[PDB]
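First comes one chain, alone, set out as structure tokens in the form solved without the partner chain.
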């Protein structure tokens, strides 16, 4: 007796209508009907996206596509455990106060001036969300801006809060674009096409360090904050201790292995998923050093996202087995030939941004990469390009906080203006699309 339940029932009706009123082959029609069913559920949020991910194997099995174990085996792909290692590092830092220490040392780097402390905050948020996550990285940095701006006349000068708030909220999202960890869509792209950490970083890091300064510029030239005073916090300086240095060293070692995985993996025997093995080894070393415990890790890690990966992967395998992907590519050849690759990528990224406005970034990614990339497999036209393009565009979200939990946390202070944030996000969306397409045209050809 709820709109969500009505959505599910109408969605079942659409599934049946497609099943019995489509003049295609049995496997392709089945896959298209499943894709529509799951698409509506993920976009409309009638059920939780994790629950829909759990539903994908069940309907896949009951239609005789996969065996139960084969369908469920996509919930233990190596990328899932890679993100698990990322969450473990996050738990270690939040448990040891290392993120607070990093912010305090940065803020000691800036003597007392706001005009650059915010910039170092954005940069630190990028470097930190690169390896961890977005929502976590926003939570601890919000109290900092409140303390810094507690003496700035918060009744007529609120754009300064808005700058030092949205810059962090978007810096985390852009920091997720440089490394596989930090943003679930990037993992999904790597999962479908097959990607190493270093190669994906060569594709992502330039985009991150070029997108982020642009976004900061957009805000600064749109809204005009002061950034001319001085701040003098009253809080005490936290200093180094055992555990903090050890987990810092483990973090550096893990990054070093993830970067030089190809030579190391070649020397050690050439294992298939050395990045994931490094993630698990990081968990083992943290447990060995007793810097964190599994209950912290269990409380911190979002297992719903890890199951949503399984949903996306099972959907991709379903579309691959059923032939829907090649059927779609063959039907879309005429459109992709008439319209150049330039306009093709413009419409794809534009559609992604308008899609995550009224949807979840990760759910939309898990819906989209299996379609276009498998389509791009048949086309030729390296699907790594489209996969990363969609994955990065998913992280670029600048809409009403219901779209994005980071925006929810940062909005929750309760003084930011709805319409102003919409217009700011509009300009940011436009700039991201243009810059992304320029990168793909010039660098990736």
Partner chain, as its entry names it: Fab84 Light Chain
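Positions refer to the first chain, counted from 1. Rigid core (definition): largest C-alpha set, two forms, superposition within 1.5 Å.
One more form of this protein, deposited with the partner chain bound, exists but is not displayed; see below.
Partner contact region in the deposited bound form: 336-344, out of 126-134, 98-106, 336-344, 213-221, criterion any non-hydrogen atom within 4.5 Å of the partner chain. Put simply, of 205, 120, 233, 326 only one has a heavy atom within 4.5 Å of the partner chain in the deposited bound form, and it is 326. For residue 196, no non-hydrogen atom is located within 4.5 Å of the partner chain in the deposited bound form, even though that partner is not displayed. In the deposited bound form, the partner chain lies within 4.5 Å of some heavy atom of residue 332.
A residue is said to contact a partner when one of its heavy atoms sits within 4.5 Å of a partner heavy atom; residue 36 fails this definition for the partner chain in the deposited bound form, lying far away. In the deposited bound form, residue 381 approaches the partner chain with a heavy atom inside 4.5 Å.
Only one of 242, 235, 272, 299 has its Cα shifted by 2 Å or more between this form and the one not shown after fitting on the core, and that residue is 235.
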